[PDB]
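Just so we're aligned: the sequence shown equals residues 17 to 224 in PDB author numbering.
The C-beta atom is built at its ideal place from N, Cα and C for all residues, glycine as well.
Following: one structure in structure tokens, then a few remarks.
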Amino acid sequence: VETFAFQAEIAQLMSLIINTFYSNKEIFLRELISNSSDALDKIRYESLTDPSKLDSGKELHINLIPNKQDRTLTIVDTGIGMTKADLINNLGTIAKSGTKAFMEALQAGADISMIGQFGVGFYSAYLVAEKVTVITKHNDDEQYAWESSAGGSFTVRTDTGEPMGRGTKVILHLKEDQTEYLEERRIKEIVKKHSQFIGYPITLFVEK
Ligand SMILES: O=C(c1cc(-c2nnc3ccc(Br)cn23)c(O)cc1O)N1CCc2ccccc2C1
């Protein structure tokens, strides 16, 4: 297990998200679905010139999996997945300018729901989650687990859990007062409201 510090500005954004009183928390789900859709776009495009890139799984989709017992909400996609370099460096590097600009906008009166317009919507997960675990597998690399409970650091390790094939699974370990996002009706409401124009099937797994 390796431990890394977030980029300074990303650590600052995460602290703001965690400590600002903000009731409209449901935006996190829209942002995570949008990121999954982008990842799916990437593998779909690559497969147009090289169909063998889908040998790790032909189905392109997003699954939403609430678990009341574990108090987790998992967002699974079969997109392109992330390499180790993506996890440690690249996603942080792409997000730097958007992060800086978003924090400036927040100081100039913008609201947290605009986070997606700056390309850093992933961090809105911390509106509802005390910890986030991300399992990922890219065709060109091993399966990895990324994890952060904020506080300025994240970890990356090789994952020896169940093989994913290809894609990314975001596991939100929800705060005690945020269990509404494990309810079927609530999840459906949010998806219908925010994510009606996504070009891949979104399936809610109903709890037994
Ligand atoms: O595989 C993915 C992907 C990434 C994120 C995601 N978005 N922001 C972050 C921040 C940290 C972590 Br861990 C995951 N993040 C996500 O929510 C879902 C995903 O399917 N991607 C997402 C973006 C991307 C960009 C370039 C190349 C590959 C990929 C692959």
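Is residue i buried or exposed, if buried means 16 or more other CB atoms sit within 10 Å of its CB?
i           : result
residue 136 : buried
residue 204 : exposed
residue 213 : exposed
residue 138 : buried
residue 30  : buried
residue 222 : exposed
Hey, residue i and residue j are a contact pair by Cβ (cut 8 Å); roughly how many whole angstroms apart?
i           : j           : result
residue 72  : residue 181 : 5 Å
residue 128 : residue 19  : Actually they do not touch by this definition, with Cβ atoms about 28 Å apart.
residue 114 : residue 47  : No, residue 114 and residue 47 are not in contact; Cβ-Cβ is about 12 Å, not under 8 Å.
Determine the DSSP secondary structure at residue i, reduced to helix, strand or coil.
i           : result
residue 117 : helix
residue 163 : strand
residue 70  : helix
residue 173 : strand
residue 207 : helix
residue 158 : coil
Measuring alpha carbon to alpha carbon, tell me which residue in the options is nearest residue i.
i           : options            : result
residue 199 : 48, 19, 42         : 42
residue 81  : 213, 207, 187, 205 : 187
residue 190 : 100, 134, 87       : 87
residue 94  : 55, 38, 165        : 55
residue 218 : 65, 23, 78         : 78
residue 99  : 194, 172, 51       : 172
residue 146 : 195, 106, 157      : 195
residue 69  : 157, 220, 193      : 157
**OP:** Counting only runs of 4+ residues fully inside the segment 74-141, write out the alpha helix (DSSP H) ranges in chain order.
**Re:** The qualifying runs are 107-123.
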